[PDB]
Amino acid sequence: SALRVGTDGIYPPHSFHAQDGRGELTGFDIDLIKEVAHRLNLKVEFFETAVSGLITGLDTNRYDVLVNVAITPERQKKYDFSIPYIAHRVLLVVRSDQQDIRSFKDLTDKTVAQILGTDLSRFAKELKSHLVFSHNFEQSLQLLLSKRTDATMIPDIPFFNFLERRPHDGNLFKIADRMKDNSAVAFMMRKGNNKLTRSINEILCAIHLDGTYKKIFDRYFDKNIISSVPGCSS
């Protein structure tokens, strides 16, 4: 009788460990679901797995929520999302020196860092890019920096997180494209968790209504740069 939350804890600021990776699990999503869990009156047990096994871990019932999941028609068929609680916009980031990559269409025939088992990996593959698989967003970016790849497609959130922690690197990159729309991020439960979904929804609304959402989002993102979703009424 706890909320079994899957993550991979190497993705600041969503889900990372304090004290330079050595301490307790922390992050925007983590504090949120933990916050969610407390009001729902439930202990939380985490399970850190690699992203490539994340959804697996949910089909295979080894936990009940995933966090930081982009809403997708594909997933919306097979799963239940909570209400969106944050949004990302997907950037095509390159080295500032970069020349010929001006849109996603241009990723064909260039070398790209994407995280194996992610839609952006499947995208980069579709475009007939040359994939170099990273184990999270820090490495995706470090690979771009190390000339090992020419580009990566990464959300705004991790990528501006990176410009914070490592600010001298905030000049060594550039955004050469973003997606037309931004994308909703929601918790993801197996289909049928109808009951648990709505509770999450109610508590998220409470968390919005009483200032909590604002404290939590404020602890992690720059309000001028990352997009929140709408709040609740009453």
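Throughout, rigid core stands for the largest set of C-alpha atoms superposing within 1.5 Å between the two forms. One rule holds for the numbers: they count along the sequence shown, beginning at 1.
With every structure aligned by its rigid core, 165 to 173 is the stretch of 165 to 173 and 40 to 48 whose CA positions lie farther away in 4 other deposited structures of this protein. Stretch comparison, 221 to 229 versus 17 to 25: after rigid core superposition, larger RMS CA deviation in 4 other deposited structures of this protein is found for 17 to 25. A summary of the deposited B-factors shows that, of 148 to 156 and 111 to 119, the stretch with the larger mean C-alpha value is 148 to 156. Stretches compared: 135 to 143, 121 to 129. Higher mean C-alpha B-factor in the entry: 135 to 143. Across the options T26, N182, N68, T197, the residue with the most elevated CA B-factor in the record is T197. Reading the B-factor column for the CA atoms of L40, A206, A186, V51 in the entry, the top value corresponds to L40.
For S227, the recorded CA temperature factor ranks within the middle third of the chain's modelled residues.
In the deposited entry, the Cα temperature factor of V90 places it in the lowest third of its chain's modelled residues. Split the chain's modelled residues into thirds by C-alpha temperature factor. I30 is in the lowest one.
The entry lists a Cα temperature factor for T72 that places it in the lowest third of the chain's modelled residues.
Residue-level temperature factors show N161 in the middle third of its chain, judged at the C-alpha atom.
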